[PDB]
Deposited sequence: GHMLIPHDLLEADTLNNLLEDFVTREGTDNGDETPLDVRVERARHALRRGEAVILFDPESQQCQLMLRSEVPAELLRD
């Protein structure tokens, strides 16, 4: 914790950088990024934000503890 922040609230460049990080955490990069953007639209990937550190990370909902999806 770490809070959830909707992707559509994000500055476009920071979102692109988060998407690229995630898919590199063979299909071209851009295709993988588009698959991740769809996953964000379907709510099957989410973005976690840490108040201190002020850092963001894209994660699969399935890898997020329930405590951090209550929010």
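According to the record, the deposited residues with no C-alpha atom in the structure span just 26-32.
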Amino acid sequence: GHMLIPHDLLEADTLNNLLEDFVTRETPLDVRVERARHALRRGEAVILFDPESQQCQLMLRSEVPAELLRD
From here on, numbers count along this sequence of modelled residues.
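Stretches 47-55 and 14-22 differ in mean C-alpha B factor, with the higher average recorded for 47-55.
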